[PDB]
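Coming up is one lone chain in structure tokens, specifically the form deposited in one PDB entry.
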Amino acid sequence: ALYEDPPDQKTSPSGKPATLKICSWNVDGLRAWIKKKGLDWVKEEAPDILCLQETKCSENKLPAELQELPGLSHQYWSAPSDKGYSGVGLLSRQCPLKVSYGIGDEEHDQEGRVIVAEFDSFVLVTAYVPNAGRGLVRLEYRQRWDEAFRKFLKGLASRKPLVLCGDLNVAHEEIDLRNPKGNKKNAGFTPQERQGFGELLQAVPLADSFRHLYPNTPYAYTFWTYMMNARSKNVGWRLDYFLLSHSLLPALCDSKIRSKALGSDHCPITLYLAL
């Protein structure tokens, strides 16, 4: 079945107006993505904060269009030092108070997967979580990475509520992908990755914004393989999330999936917060 995101709900449940718009997008190669007019779509979305994963692009190679963004002038970029893979970036209208990279030791383990930005009222973390890999050859690493990440997020020294967004590389429940049964030994839907997502929600604690608003809505995915025309058939996975501290839930106006925006094998997701 196809999916149609419901209209944008820009008022919190109790009636406050959204004041912060956050967009997150795994662009699957930032230079490719720009050539496929991804920035055009960002300009129309007009977010206050833009989080990108899988940029596959060091900061020296960033196209000049990214400098013709006056509403997103504070730009922070991260690439791993070894490997054209990974990469993440955070662009904000307003200057954040603090920015950091990695989950504990990035200065020696330069991985380019996590950016932390502190604002007045909240802490934003954007993440590109390591893939368990084909044949699960890196699942144990992911399990160990998951545990270091939980503790890092728990260990934030801020009393400020937390927003965690990006590609978490797991479809939490069966509702979150089109072929749950044929994929339970595939990366992204193993019991191990799913349990780690569950423990993230519980340990931090955090709520799945989209699922909190739409607890029973099936067929809502953020990734489709380029292959076999999966996107046209909406054979996809929900791999990209906005996860909120419990305190931020009354502020939650909506969590969107921008199914129709092309340019990657992931589509954008967008958070509306009334702060």
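Start at 1 and count along the sequence shown; that's the residue number. Definition used throughout: the rigid core is the maximal C-alpha set that superposes within 1.5 Å between two forms.
There is another form of the same protein, the form deposited in another entry; it is not shown, and what comes next is about it.
| query | After the core is superposed, which of these residues, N183, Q110, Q75, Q195, moves its CA 2 Å or more between this form and the one not shown? | reply | Going through each option, the one that shifts is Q110.
| query | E107 and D146: do their C-alpha atoms lie closer or farther in the other entry than in the form you see, with a change of 3 Å or more? | reply | Closer: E107 and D146 approach by 3 Å or more in the other entry.
| task | Kindly indicate if, in the other entry, the C-alpha atoms of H74 and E106 are closer or farther apart than in the structure shown, bearing in mind the change is 3 Å or more. | result | The answer is farther, because the C-alphas of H74 and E106 separate from each other in the other entry by 3 Å or more.
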